[PDB]
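Contents: one structure, followed by commentary.
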Amino acid sequence: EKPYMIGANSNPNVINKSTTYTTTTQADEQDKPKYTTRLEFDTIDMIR
Amino acid sequence: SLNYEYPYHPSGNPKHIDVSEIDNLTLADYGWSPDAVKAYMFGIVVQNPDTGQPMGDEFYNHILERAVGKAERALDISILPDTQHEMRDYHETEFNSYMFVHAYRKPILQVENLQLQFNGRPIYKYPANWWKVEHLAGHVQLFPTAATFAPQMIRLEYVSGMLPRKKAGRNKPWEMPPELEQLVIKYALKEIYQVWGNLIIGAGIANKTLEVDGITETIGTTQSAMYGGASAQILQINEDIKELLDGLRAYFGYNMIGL
Amino acid sequence: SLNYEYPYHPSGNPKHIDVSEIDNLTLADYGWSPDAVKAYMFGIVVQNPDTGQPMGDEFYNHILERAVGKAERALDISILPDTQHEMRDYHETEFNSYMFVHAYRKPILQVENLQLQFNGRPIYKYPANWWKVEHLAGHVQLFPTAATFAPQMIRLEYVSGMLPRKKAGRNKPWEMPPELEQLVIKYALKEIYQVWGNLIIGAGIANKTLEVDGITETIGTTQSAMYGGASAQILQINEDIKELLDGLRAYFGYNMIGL
Amino acid sequence: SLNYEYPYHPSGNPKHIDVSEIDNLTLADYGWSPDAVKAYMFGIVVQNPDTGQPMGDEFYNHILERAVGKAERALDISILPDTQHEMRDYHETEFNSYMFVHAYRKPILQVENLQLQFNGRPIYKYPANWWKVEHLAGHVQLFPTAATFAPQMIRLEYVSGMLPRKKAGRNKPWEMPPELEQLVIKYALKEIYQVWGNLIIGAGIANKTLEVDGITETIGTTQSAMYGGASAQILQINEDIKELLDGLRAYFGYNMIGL
Amino acid sequence: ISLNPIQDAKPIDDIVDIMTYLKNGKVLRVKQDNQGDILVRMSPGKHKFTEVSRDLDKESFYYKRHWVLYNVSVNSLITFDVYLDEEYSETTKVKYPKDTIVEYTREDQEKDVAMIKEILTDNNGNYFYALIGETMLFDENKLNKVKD
C-alpha cells in the first residue's frame, strides 16, 4: 500500500577489525564445490 | 431431419469442444512440458555454479506461460480455449451485409448465443440454424430462412482457442498448427539461454589462465565486453523466429476494418 | 426483472472489483515479488564486496515500483486498480454522438457515477441502465431508453487499472496479460544489472595478472573502456523489451482525438 | 448547500495543499535523500584516494538541487510547490472563449485569486464558484452563472507544484509521478559518476605494472585516451534517460500557442 | 503496542537426540568452522544414507533444495554446534542473544553486568532486552557486551 522508500542506513561503525585465522581441528569437513567446465587431453589424438 | 444440441448445428457451426473440458485442457496437452525445453537443450544442464542445484520445473512452466502469452499477442490470436462474453455495436453497413461480425479474438471454435437486446431484454434471439461462422477468420454471418449506428446493441458468446492436433503433420483450421508449438518453445528458450549464459564461467569473466608450479590451465569463453555468453545462440534463435513468424502471419493474414 | 447494485448493471458495466479490495491488492498479488527477479537471476548473487551484506527486498520493491511506473508511461495506461474523479468538458459533436467519452486512464473496470452539473449542483443524473462502457478502450457511451463547447460540464467517477489474472495463460480485456508482469520485471532487471555489473572485481578493472613465488593468475573481465561489464545483459534486455513492447502496443493501439 | 473556504470550491478547484505547508515540504519528503543516491551506487564508496575522506551529504544535496532544477526545465514544469503572483495580458479571442488562460508554470494545485484590474484597482473580482481549472495542463477557464488586446489586464495567483505521492504505483494528475523521482536521481548520478571516475586509479593512468624482485602486479583500467573511467556507466545512463524522458513528455504533451 | 517474544534457536548438545532426530528424518543445520553452514539429512526410502545440501534457505515452492550423498562424521557433529532447520533463521540475528551476560548502565551511574533472560520485539523491529533484577526493558544502544 504505502510507497516503498529507501530510508536510512543501519550499518554501525566498526574499528580495529582483526583477521580471521582458520582453526586447526581433527574433525571432518566438506569441501565446498564449484561446478564448471573441465579441461582434458584428446588422448585418442595423442595415440594418433 | 437432423439431431443436434440446439445451439450447435452441424452445418455452419458444428460442435468441436465440450464446455466442461475447457478447464481440463492445459499446457501439457499441447506438449509444452519442461521436458520439451530440455530436449531442445539436449546435452546442456542449467545448474547453479556455486551449488549443485538445477532450476526446477516450476520456472519452466512460468516461462512457458509467458512464452505462449507473448505469442498470443505477436500474432493477434486467442490460443488456449476460453469462453468469451462479447458485446458489439450496431453498424448499418455491416448489418445489411448479412449481419457481418468480426470477433475480437480468433479462432472461433463454436458459437453458443447470438442475441439482440435493447436494455438488457432480448428483443430478438435468432434461430440456431440461421447463423453461420468462419472459424479461422472468426467471421460471424447470418443467413435468414423461412442515427446510422448504435452502441452495444447485440450480444455474442463464443469459445476462442485451438484444440490439440489429433493427427501428425496435419491440422484443421480450428486446430493448433505445429508451428505455434515450436514458436512458443523458441520464445521460452530465448529466456532460458538468457539465464544460463551467465553461468558459463564465474561472473562476467572472458579470459583466464592459472599457472601453478609449472602447471598451466587456460580458458577463453564466448563472453566478451560487447557480446554475451549465450548471445551466439540468441542471435541464431532470432534468425529462426524471423523465418517462422513471418511465414505464419501469411496463414492468418492482414487485418482490415472499414471506415 | 434483475438484481444488482444500483451503479452496476450486469449488461454494459458489470461489477468486477469491490471498492474496498482496491486498497488490499498489492504488487505481490501481481507476482512482482523480489523472488521472481531473483529467479530470473538464478545462479547470480549480488553482495557488497566490503561486507557480507546482500541487498534486501526493500531495494527490489523500490526498483519494481519505479519499473511498473515506467511501463505505465511506456503505454498510456493505468496498471494498478485506482479510483478516478474526473471532470470533462462538453464538446457538441461527441455529445450528440451518444455522449461519447474517452477516459484519461484505461482500462475501465467499472463506472460508479456519471452526472451533468452546472455549478456543483447536479442538473441531471442518468439512470444506471442507460450508460454503457467499453472496458479496454475506456469508451463511455450513453443509450437513452424509456457557443459550441463549455468546460467541465459532466462529472465522471470510475475505477481504472487491471485485475490479476485468474486462469493460466489467459486474460480478459479487463485482466492483466502476463507480459506486463514480465515487462516490468525486465525493466527492473535493467536497473539490477546496472548495479551488479560494477561489483564483479573491484571497480574500473578490465585486465589483471598477478605472479607471486611461482604461482601466477590472469583474468580478463567483460569490463572495457567502451562498454560496462553487464552491457551484454542490458543490451539483450533491450532487444527483448523492444519486441515485447512493440507487440503489446498492438493490443491497445494508437490514440486518436478529433479536432 | 456546501461548506468550503471561499477561495476553494470542491467542484472545479478543490483544495489540495495548505499554504503554510509549502515552506515545510522539502526534498526529503519526495525521497531525494543522499541515501537514495548511495543505494543506486550499492557497493561503491566515493572516497579520496590520498586520504580516507568520503564526500559528505551536503555535496549530494547540492547536486540533487541541481538535478531537480535541470529536470524542471527539461520538461517545462514547476515541480516543488510554490506560490505564484502572475499578471497576464488580455487577448480577445481567448477571452471570449470562457476567459481561457494558460498558466506559465504547471501543474496548478489550486487557485486563490483571479481578478481584473485597470490601474491597480480591482474593477471586477469574480465569484469563486464561477472559475474552474485543469490541474495538469493548467488551463484556467471561467463559467459564469446566475484595440484587440491590452497588457496585464488580469491578475492571477496560484500554487504550482506536485504533492508527494500518497500510495504506491499510483498518482493523481496533481501528484508527483514516480518517474520524476528516478529521473532526478539519474541526473544526479550522472554528476556523481563524473566525479568518482577520476578516483579509480591515480590521475589519468590507463595501464600499469610493477615488477619487484620477481613479484609482479599489473592492472588495466577502463580509463583510456578516448574514453573516461566512468564513461561506460554514463553512456548507459544516457540510454536510460532517453527511454525515460521521451516516455514522460507524452504524459504532459506538446505546447501550443495561437497567433 | 508490540510483538510477542521470539524464541532463540536452541543449540543441541546431546548427540543422542541429534541421532534420534536424524533417524526421524528431520533436517539438521551444521555450522562448520572452516567452510560455512550446511544442511544434513537422512535419505528417504530403503537405501538409507546421509545427504548434504548447501541450498542454505528454508524450502520454498520456487526454491527446492538439492541433496548430495556425504559421509558425515560423528566428530563433526560433536565438535560443531547443530540446529534444527525449522528454527535457525534470519528472522532474529540479535546482537545480544539470550543467556548472554551484558553490561548495562543503571540510573545511579554504576555499570552492572546482568544476563539477558528474555528478548522481544516491537513494531519497528527493535530488540527489547529483559535483565534479571529489573522490570524496565532496555534498548540496543544502551547495552554493551564484555568478552573474555
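Labeling convention for the C-alpha cells: chains A, B, ... as they appear, residues from 1 per chain, ligands from 1 in order of appearance.
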Inset, instruction - Pick out the chain B residues within 8 Å of chain E. Count only C-alpha atoms. Give them as an MDAnalysis selection string. - result: chainID B and resid 51:54 56 58:59
For range 3-17 of chain D, list every protein, DNA or RNA residue within 7 Å, evaluated using only C-alpha atoms, and leave out those in the same chain fewer than 4 positions away; present the list as an mmCIF file with N, CA and C atoms, in the first residue's frame.
```
data_model
loop_
_atom_site.group_PDB
_atom_site.id
_atom_site.type_symbol
_atom_site.label_atom_id
_atom_site.label_comp_id
_atom_site.auth_asym_id
_atom_site.auth_seq_id
_atom_site.Cartn_x
_atom_site.Cartn_y
_atom_site.Cartn_z
ATOM 1 N N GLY C 120 -21.821 22.810 -9.428
ATOM 2 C CA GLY C 120 -21.727 21.900 -8.311
ATOM 3 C C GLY C 120 -23.041 21.267 -7.913
ATOM 4 N N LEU D 109 -1.888 23.229 -8.564
ATOM 5 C CA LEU D 109 -2.555 22.562 -7.451
ATOM 6 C C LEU D 109 -3.872 23.252 -7.121
ATOM 7 N N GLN D 110 -3.885 24.580 -7.092
ATOM 8 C CA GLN D 110 -5.082 25.307 -6.691
ATOM 9 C C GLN D 110 -4.918 26.772 -7.062
ATOM 10 N N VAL D 111 -6.051 27.468 -7.103
ATOM 11 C CA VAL D 111 -6.128 28.883 -7.441
ATOM 12 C C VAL D 111 -6.764 29.648 -6.289
ATOM 13 N N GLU D 112 -6.096 30.714 -5.855
ATOM 14 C CA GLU D 112 -6.537 31.553 -4.748
ATOM 15 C C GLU D 112 -7.287 32.795 -5.215
ATOM 16 N N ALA D 128 -15.978 32.775 -6.567
ATOM 17 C CA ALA D 128 -15.122 31.596 -6.517
ATOM 18 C C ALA D 128 -15.718 30.442 -7.310
ATOM 19 N N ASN D 129 -17.026 30.218 -7.174
ATOM 20 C CA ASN D 129 -17.660 29.085 -7.836
ATOM 21 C C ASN D 129 -17.626 29.202 -9.353
ATOM 22 N N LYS D 132 -13.011 27.677 -12.960
ATOM 23 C CA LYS D 132 -12.666 26.266 -12.902
ATOM 24 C C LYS D 132 -11.312 26.064 -13.567
ATOM 25 N N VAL D 133 -10.635 24.982 -13.183
ATOM 26 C CA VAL D 133 -9.239 24.761 -13.539
ATOM 27 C C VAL D 133 -9.057 23.377 -14.143
#
```
Residues of chain D within 8 Å of chain A, counting only C-alpha atoms - could you list those as a PDB file with N, CA, C and O atoms, in the first residue's frame?
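out-v5.pdb written:
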```pdb
ATOM      1  N   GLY D  31      11.697  11.751  -1.218  1.00  0.00           N
ATOM      2  CA  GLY D  31      12.686  10.695  -1.299  1.00  0.00           C
ATOM      3  C   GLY D  31      14.033  11.062  -1.882  1.00  0.00           C
ATOM      4  O   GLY D  31      14.891  10.179  -1.995  1.00  0.00           O
ATOM      5  N   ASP D  35      21.027   9.150   0.723  1.00  0.00           N
ATOM      6  CA  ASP D  35      20.971   7.695   0.844  1.00  0.00           C
ATOM      7  C   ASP D  35      20.420   7.047  -0.420  1.00  0.00           C
ATOM      8  O   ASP D  35      20.883   5.976  -0.830  1.00  0.00           O
ATOM      9  N   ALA D  36      19.428   7.678  -1.045  1.00  0.00           N
ATOM     10  CA  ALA D  36      18.903   7.183  -2.314  1.00  0.00           C
ATOM     11  C   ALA D  36      19.998   7.082  -3.370  1.00  0.00           C
ATOM     12  O   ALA D  36      20.122   6.062  -4.057  1.00  0.00           O
ATOM     13  N   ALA D  39      22.198   4.219  -2.474  1.00  0.00           N
ATOM     14  CA  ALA D  39      21.547   2.938  -2.740  1.00  0.00           C
ATOM     15  C   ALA D  39      21.753   2.498  -4.185  1.00  0.00           C
ATOM     16  O   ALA D  39      22.110   1.346  -4.448  1.00  0.00           O
ATOM     17  N   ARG D 165       3.524  11.559  -3.590  1.00  0.00           N
ATOM     18  CA  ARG D 165       2.545  10.507  -3.829  1.00  0.00           C
ATOM     19  C   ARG D 165       2.178   9.780  -2.542  1.00  0.00           C
ATOM     20  O   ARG D 165       3.046   9.390  -1.756  1.00  0.00           O
ATOM     21  N   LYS D 166       0.873   9.609  -2.338  1.00  0.00           N
ATOM     22  CA  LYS D 166       0.336   9.042  -1.108  1.00  0.00           C
ATOM     23  C   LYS D 166       0.389   7.519  -1.117  1.00  0.00           C
ATOM     24  O   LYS D 166       0.666   6.904  -0.081  1.00  0.00           O
ATOM     25  N   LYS D 167       0.128   6.896  -2.266  1.00  0.00           N
ATOM     26  CA  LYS D 167       0.003   5.448  -2.366  1.00  0.00           C
ATOM     27  C   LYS D 167       0.854   4.921  -3.513  1.00  0.00           C
ATOM     28  O   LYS D 167       1.113   5.614  -4.501  1.00  0.00           O
ATOM     29  N   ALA D 168       1.278   3.672  -3.349  1.00  0.00           N
ATOM     30  CA  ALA D 168       2.234   3.033  -4.241  1.00  0.00           C
ATOM     31  C   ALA D 168       1.677   2.812  -5.641  1.00  0.00           C
ATOM     32  O   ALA D 168       0.493   2.520  -5.828  1.00  0.00           O
ATOM     33  N   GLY D 169       2.563   2.961  -6.626  1.00  0.00           N
ATOM     34  CA  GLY D 169       2.287   2.632  -8.012  1.00  0.00           C
ATOM     35  C   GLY D 169       1.174   3.427  -8.653  1.00  0.00           C
ATOM     36  O   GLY D 169       0.684   3.052  -9.721  1.00  0.00           O
TER      37      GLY D 169
END
```
Inset, instruction - Enumerate as a VMD selection string all residues of range 37-104 of chain E assigned to helix (DSSP H, G or I) by DSSP on the backbone, naming them with the chain letters and numbers the document uses. - result: chain E and resid 74 to 79 90 to 92
Inset, instruction - Would you list the contacts of range 102-113 of chain E as a list in words, taking every protein, DNA or RNA residue within 10 Å and counting only C-alpha atoms, but skipping same-chain residues closer than 6 positions in sequence? - result: residues 96, 131, 132, 134, 138, 139, 141, 142, 143, 144, 145, 146 and 147 of chain E
What would the file look like if the residues just selected were written as a JSON list (two decimals), in the first residue's frame with N, CA, C and O atoms?
```json
[["chain", "number", "residue", "atom", "x", "y", "z"],
["E", 96, "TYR", "N", 22.76, -9.47, 21.07],
["E", 96, "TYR", "CA", 22.95, -9.99, 22.42],
["E", 96, "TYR", "C", 21.93, -11.11, 22.64],
["E", 96, "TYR", "O", 20.81, -10.86, 23.09],
["E", 131, "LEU", "N", 16.50, -7.83, 31.69],
["E", 131, "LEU", "CA", 17.64, -8.17, 32.53],
["E", 131, "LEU", "C", 17.16, -8.54, 33.93],
["E", 131, "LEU", "O", 16.21, -7.94, 34.45],
["E", 132, "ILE", "N", 17.81, -9.53, 34.53],
["E", 132, "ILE", "CA", 17.39, -10.04, 35.82],
["E", 132, "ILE", "C", 17.57, -8.96, 36.88],
["E", 132, "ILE", "O", 18.58, -8.25, 36.91],
["E", 134, "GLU", "N", 15.55, -6.32, 37.16],
["E", 134, "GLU", "CA", 14.93, -5.09, 36.70],
["E", 134, "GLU", "C", 13.73, -5.43, 35.83],
["E", 134, "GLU", "O", 13.72, -6.44, 35.12],
["E", 138, "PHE", "N", 15.46, -2.71, 28.38],
["E", 138, "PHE", "CA", 16.46, -1.83, 27.80],
["E", 138, "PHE", "C", 16.44, -1.93, 26.28],
["E", 138, "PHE", "O", 15.74, -2.75, 25.69],
["E", 139, "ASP", "N", 17.23, -1.06, 25.65],
["E", 139, "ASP", "CA", 17.34, -0.98, 24.20],
["E", 139, "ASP", "C", 18.74, -1.40, 23.76],
["E", 139, "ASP", "O", 19.64, -1.62, 24.57],
["E", 141, "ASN", "N", 21.08, 0.27, 22.02],
["E", 141, "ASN", "CA", 22.17, 1.23, 22.13],
["E", 141, "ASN", "C", 22.68, 1.32, 23.57],
["E", 141, "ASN", "O", 23.88, 1.51, 23.79],
["E", 142, "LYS", "N", 21.78, 1.21, 24.55],
["E", 142, "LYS", "CA", 22.19, 1.40, 25.94],
["E", 142, "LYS", "C", 23.15, 0.31, 26.39],
["E", 142, "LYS", "O", 24.05, 0.58, 27.19],
["E", 143, "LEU", "N", 22.98, -0.91, 25.90],
["E", 143, "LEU", "CA", 23.70, -2.05, 26.44],
["E", 143, "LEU", "C", 25.12, -2.13, 25.87],
["E", 143, "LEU", "O", 25.50, -1.38, 24.96],
["E", 144, "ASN", "N", 25.89, -3.06, 26.42],
["E", 144, "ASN", "CA", 27.26, -3.30, 25.98],
["E", 144, "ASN", "C", 27.62, -4.73, 26.34],
["E", 144, "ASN", "O", 27.09, -5.29, 27.30],
["E", 145, "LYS", "N", 28.52, -5.32, 25.56],
["E", 145, "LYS", "CA", 28.99, -6.68, 25.77],
["E", 145, "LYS", "C", 30.43, -6.67, 26.27],
["E", 145, "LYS", "O", 31.24, -5.84, 25.84],
["E", 146, "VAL", "N", 30.73, -7.60, 27.17],
["E", 146, "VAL", "CA", 32.08, -7.81, 27.69],
["E", 146, "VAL", "C", 32.50, -9.22, 27.32],
["E", 146, "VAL", "O", 31.81, -10.19, 27.65],
["E", 147, "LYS", "N", 33.64, -9.33, 26.63],
["E", 147, "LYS", "CA", 34.13, -10.59, 26.09],
["E", 147, "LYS", "C", 35.45, -10.94, 26.76],
["E", 147, "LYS", "O", 36.35, -10.10, 26.84]]
```
Legend entry - Closest of D:141, D:171, D:216, D:236 to residue 102 in chain D - atom-to-atom distances counting only C-alpha atoms: D:141
Inset, instruction - Please run DSSP on the backbone and report, as a PyMOL selection string, all residues within range 68-131 of chain B that come out as strand (DSSP E or B). - result: chain B and resi 82-91+101-102+108-117+122-125+131
Take the residues from that selection and write them out as an mmCIF file, in the first residue's frame, keeping N, CA, C and O atoms.
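Output (out.cif):
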```
data_model
loop_
_atom_site.group_PDB
_atom_site.id
_atom_site.type_symbol
_atom_site.label_atom_id
_atom_site.label_comp_id
_atom_site.auth_asym_id
_atom_site.auth_seq_id
_atom_site.Cartn_x
_atom_site.Cartn_y
_atom_site.Cartn_z
ATOM 1 N N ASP B 82 -10.969 -20.693 -24.425
ATOM 2 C CA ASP B 82 -11.636 -19.954 -23.365
ATOM 3 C C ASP B 82 -12.969 -19.417 -23.865
ATOM 4 O O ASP B 82 -13.148 -19.146 -25.056
ATOM 5 N N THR B 83 -13.900 -19.271 -22.927
ATOM 6 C CA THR B 83 -15.243 -18.765 -23.184
ATOM 7 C C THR B 83 -15.272 -17.241 -23.121
ATOM 8 O O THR B 83 -14.695 -16.643 -22.209
ATOM 9 N N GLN B 84 -15.930 -16.618 -24.099
ATOM 10 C CA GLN B 84 -15.967 -15.167 -24.232
ATOM 11 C C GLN B 84 -17.410 -14.684 -24.180
ATOM 12 O O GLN B 84 -18.299 -15.275 -24.798
ATOM 13 N N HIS B 85 -17.628 -13.607 -23.426
ATOM 14 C CA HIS B 85 -18.879 -12.847 -23.397
ATOM 15 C C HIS B 85 -18.648 -11.484 -24.043
ATOM 16 O O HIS B 85 -18.030 -10.603 -23.438
ATOM 17 N N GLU B 86 -19.146 -11.307 -25.264
ATOM 18 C CA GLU B 86 -18.780 -10.179 -26.111
ATOM 19 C C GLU B 86 -20.017 -9.364 -26.467
ATOM 20 O O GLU B 86 -21.020 -9.914 -26.932
ATOM 21 N N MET B 87 -19.931 -8.054 -26.242
ATOM 22 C CA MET B 87 -20.892 -7.071 -26.726
ATOM 23 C C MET B 87 -20.300 -6.279 -27.883
ATOM 24 O O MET B 87 -19.129 -5.887 -27.845
ATOM 25 N N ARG B 88 -21.117 -6.048 -28.908
ATOM 26 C CA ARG B 88 -20.690 -5.352 -30.112
ATOM 27 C C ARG B 88 -21.727 -4.321 -30.533
ATOM 28 O O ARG B 88 -22.923 -4.465 -30.267
ATOM 29 N N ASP B 89 -21.238 -3.278 -31.194
ATOM 30 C CA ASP B 89 -22.027 -2.146 -31.649
ATOM 31 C C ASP B 89 -22.730 -2.456 -32.968
ATOM 32 O O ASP B 89 -22.351 -3.364 -33.710
ATOM 33 N N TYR B 90 -23.773 -1.677 -33.247
ATOM 34 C CA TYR B 90 -24.527 -1.784 -34.489
ATOM 35 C C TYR B 90 -24.006 -0.767 -35.496
ATOM 36 O O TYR B 90 -24.120 0.444 -35.286
ATOM 37 N N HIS B 91 -23.440 -1.277 -36.584
ATOM 38 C CA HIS B 91 -23.015 -0.508 -37.748
ATOM 39 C C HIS B 91 -23.874 -0.920 -38.936
ATOM 40 O O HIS B 91 -23.962 -2.109 -39.258
ATOM 41 N N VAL B 101 -20.022 -9.824 -38.542
ATOM 42 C CA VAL B 101 -19.386 -9.537 -37.259
ATOM 43 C C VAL B 101 -17.976 -10.111 -37.272
ATOM 44 O O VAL B 101 -17.777 -11.273 -37.638
ATOM 45 N N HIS B 102 -17.002 -9.300 -36.867
ATOM 46 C CA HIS B 102 -15.613 -9.724 -36.720
ATOM 47 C C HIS B 102 -15.288 -9.830 -35.235
ATOM 48 O O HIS B 102 -15.127 -8.813 -34.551
ATOM 49 N N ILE B 108 -12.599 -18.942 -33.783
ATOM 50 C CA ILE B 108 -13.856 -19.317 -33.142
ATOM 51 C C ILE B 108 -14.064 -20.818 -33.289
ATOM 52 O O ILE B 108 -14.343 -21.310 -34.387
ATOM 53 N N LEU B 109 -13.935 -21.554 -32.185
ATOM 54 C CA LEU B 109 -14.280 -22.971 -32.217
ATOM 55 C C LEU B 109 -15.778 -23.156 -32.427
ATOM 56 O O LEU B 109 -16.195 -24.006 -33.222
ATOM 57 N N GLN B 110 -16.601 -22.375 -31.737
ATOM 58 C CA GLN B 110 -18.044 -22.557 -31.813
ATOM 59 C C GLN B 110 -18.729 -21.346 -31.201
ATOM 60 O O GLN B 110 -18.123 -20.573 -30.454
ATOM 61 N N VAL B 111 -20.009 -21.200 -31.533
ATOM 62 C CA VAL B 111 -20.855 -20.109 -31.066
ATOM 63 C C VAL B 111 -22.054 -20.677 -30.324
ATOM 64 O O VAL B 111 -22.757 -21.552 -30.843
ATOM 65 N N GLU B 112 -22.285 -20.173 -29.113
ATOM 66 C CA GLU B 112 -23.373 -20.610 -28.246
ATOM 67 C C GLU B 112 -24.599 -19.711 -28.343
ATOM 68 O O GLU B 112 -25.719 -20.208 -28.493
ATOM 69 N N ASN B 113 -24.413 -18.394 -28.256
ATOM 70 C CA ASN B 113 -25.514 -17.443 -28.236
ATOM 71 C C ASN B 113 -25.219 -16.280 -29.171
ATOM 72 O O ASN B 113 -24.071 -15.861 -29.331
ATOM 73 N N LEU B 114 -26.286 -15.766 -29.781
ATOM 74 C CA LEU B 114 -26.215 -14.593 -30.649
ATOM 75 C C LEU B 114 -27.580 -13.916 -30.598
ATOM 76 O O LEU B 114 -28.529 -14.373 -31.241
ATOM 77 N N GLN B 115 -27.662 -12.829 -29.833
ATOM 78 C CA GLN B 115 -28.922 -12.185 -29.497
ATOM 79 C C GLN B 115 -28.799 -10.679 -29.668
ATOM 80 O O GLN B 115 -27.707 -10.112 -29.584
ATOM 81 N N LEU B 116 -29.940 -10.040 -29.905
ATOM 82 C CA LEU B 116 -30.049 -8.591 -29.992
ATOM 83 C C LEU B 116 -30.908 -8.095 -28.840
ATOM 84 O O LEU B 116 -32.010 -8.607 -28.619
ATOM 85 N N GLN B 117 -30.406 -7.099 -28.114
ATOM 86 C CA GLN B 117 -31.079 -6.563 -26.941
ATOM 87 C C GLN B 117 -31.060 -5.042 -26.985
ATOM 88 O O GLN B 117 -30.213 -4.425 -27.635
ATOM 89 N N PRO B 122 -33.827 -9.359 -24.214
ATOM 90 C CA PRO B 122 -33.614 -9.794 -25.599
ATOM 91 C C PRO B 122 -34.790 -9.448 -26.496
ATOM 92 O O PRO B 122 -35.873 -10.029 -26.376
ATOM 93 N N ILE B 123 -34.582 -8.492 -27.400
ATOM 94 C CA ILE B 123 -35.631 -8.128 -28.344
ATOM 95 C C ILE B 123 -35.886 -9.268 -29.319
ATOM 96 O O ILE B 123 -37.039 -9.603 -29.617
ATOM 97 N N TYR B 124 -34.822 -9.880 -29.827
ATOM 98 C CA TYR B 124 -34.939 -10.937 -30.823
ATOM 99 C C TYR B 124 -33.742 -11.862 -30.687
ATOM 100 O O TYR B 124 -32.598 -11.405 -30.759
ATOM 101 N N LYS B 125 -34.005 -13.149 -30.490
ATOM 102 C CA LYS B 125 -32.969 -14.175 -30.458
ATOM 103 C C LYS B 125 -33.142 -15.055 -31.686
ATOM 104 O O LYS B 125 -34.211 -15.640 -31.891
ATOM 105 N N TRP B 131 -27.635 -18.711 -38.194
ATOM 106 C CA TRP B 131 -26.311 -18.109 -38.149
ATOM 107 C C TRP B 131 -25.234 -19.108 -38.552
ATOM 108 O O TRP B 131 -25.347 -20.314 -38.312
#
```
Inset, instruction - Output the contact residues of chain C with respect to chain D at a cut-off of 6 Å, based on only C-alpha atoms, as an MDAnalysis selection string. - result: chainID C and resid 48 65:66 73:74 120 204:212 224:228
Taking only residues of chain E that have an atom at most 10 Å from an atom of chain A, what is each one's shortest atom pair and its distance in Å to one decimal, using only C-alpha atoms, in chain and number order, as JSON lines?
```
{"residue": "E:32", "atom": "CA", "partner": "A:29", "partner_atom": "CA", "distance": 7.2}
{"residue": "E:33", "atom": "CA", "partner": "A:23", "partner_atom": "CA", "distance": 7.3}
{"residue": "E:34", "atom": "CA", "partner": "A:22", "partner_atom": "CA", "distance": 6.2}
{"residue": "E:35", "atom": "CA", "partner": "A:32", "partner_atom": "CA", "distance": 6.8}
{"residue": "E:36", "atom": "CA", "partner": "A:32", "partner_atom": "CA", "distance": 8.6}
{"residue": "E:38", "atom": "CA", "partner": "A:30", "partner_atom": "CA", "distance": 8.9}
{"residue": "E:52", "atom": "CA", "partner": "A:30", "partner_atom": "CA", "distance": 9.0}
{"residue": "E:54", "atom": "CA", "partner": "A:32", "partner_atom": "CA", "distance": 8.4}
{"residue": "E:70", "atom": "CA", "partner": "A:30", "partner_atom": "CA", "distance": 8.4}
{"residue": "E:71", "atom": "CA", "partner": "A:30", "partner_atom": "CA", "distance": 9.2}
{"residue": "E:72", "atom": "CA", "partner": "A:28", "partner_atom": "CA", "distance": 7.8}
{"residue": "E:73", "atom": "CA", "partner": "A:28", "partner_atom": "CA", "distance": 6.2}
{"residue": "E:74", "atom": "CA", "partner": "A:27", "partner_atom": "CA", "distance": 8.7}
{"residue": "E:75", "atom": "CA", "partner": "A:27", "partner_atom": "CA", "distance": 5.6}
{"residue": "E:76", "atom": "CA", "partner": "A:27", "partner_atom": "CA", "distance": 5.4}
{"residue": "E:77", "atom": "CA", "partner": "A:27", "partner_atom": "CA", "distance": 9.0}
{"residue": "E:78", "atom": "CA", "partner": "A:27", "partner_atom": "CA", "distance": 9.0}
{"residue": "E:79", "atom": "CA", "partner": "A:27", "partner_atom": "CA", "distance": 7.4}
{"residue": "E:80", "atom": "CA", "partner": "A:27", "partner_atom": "CA", "distance": 9.0}
```
Selected residues, N, CA and C atoms, written as a compact mmCIF listing (two decimals), in the first residue's frame, please.
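Written file, again.txt:
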```
# COMPACT_ATOMS: atom_id res chain seq x y z
N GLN E 32 29.80 -25.41 10.28
CA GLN E 32 31.21 -25.76 10.17
C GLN E 32 32.07 -24.51 10.32
N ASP E 33 33.12 -24.63 11.14
CA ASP E 33 34.03 -23.52 11.40
C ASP E 33 34.76 -23.08 10.14
N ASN E 34 35.27 -24.03 9.35
CA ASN E 34 36.17 -23.70 8.25
C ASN E 34 35.44 -23.30 6.98
N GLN E 35 34.32 -23.94 6.65
CA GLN E 35 33.74 -23.83 5.31
C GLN E 35 32.24 -23.59 5.37
N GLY E 36 31.81 -22.77 6.33
CA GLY E 36 30.45 -22.28 6.37
C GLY E 36 29.40 -23.27 6.85
N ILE E 38 26.01 -25.67 6.55
CA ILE E 38 25.49 -26.71 5.67
C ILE E 38 24.31 -27.41 6.32
N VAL E 52 23.95 -34.25 2.16
CA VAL E 52 24.28 -32.87 2.48
C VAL E 52 23.72 -31.97 1.38
N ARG E 54 23.99 -27.57 0.44
CA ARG E 54 24.34 -26.18 0.69
C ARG E 54 23.29 -25.21 0.17
N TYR E 70 26.80 -37.77 1.34
CA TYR E 70 28.06 -37.48 2.01
C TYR E 70 28.21 -38.34 3.26
N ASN E 71 29.46 -38.66 3.58
CA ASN E 71 29.82 -39.48 4.74
C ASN E 71 30.07 -38.59 5.95
N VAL E 72 28.98 -38.05 6.50
CA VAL E 72 29.08 -37.17 7.66
C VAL E 72 29.69 -37.92 8.84
N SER E 73 30.58 -37.23 9.55
CA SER E 73 31.34 -37.79 10.66
C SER E 73 30.70 -37.46 12.00
N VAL E 74 30.80 -38.41 12.93
CA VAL E 74 30.33 -38.21 14.30
C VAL E 74 31.07 -37.04 14.96
N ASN E 75 32.40 -37.03 14.84
CA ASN E 75 33.19 -35.95 15.43
C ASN E 75 32.74 -34.58 14.93
N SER E 76 32.41 -34.48 13.65
CA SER E 76 31.89 -33.23 13.11
C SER E 76 30.66 -32.77 13.88
N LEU E 77 29.70 -33.68 14.10
CA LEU E 77 28.52 -33.34 14.89
C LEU E 77 28.89 -32.91 16.30
N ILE E 78 29.76 -33.67 16.97
CA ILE E 78 30.09 -33.38 18.36
C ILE E 78 30.75 -32.02 18.50
N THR E 79 31.81 -31.77 17.73
CA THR E 79 32.58 -30.54 17.91
C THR E 79 31.88 -29.30 17.36
N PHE E 80 30.96 -29.45 16.41
CA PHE E 80 30.27 -28.33 15.79
C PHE E 80 28.85 -28.24 16.33
```
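Between CA of residue 163 in chain C and CA of residue 25 in chain C lies a distance of 8.9 Å.
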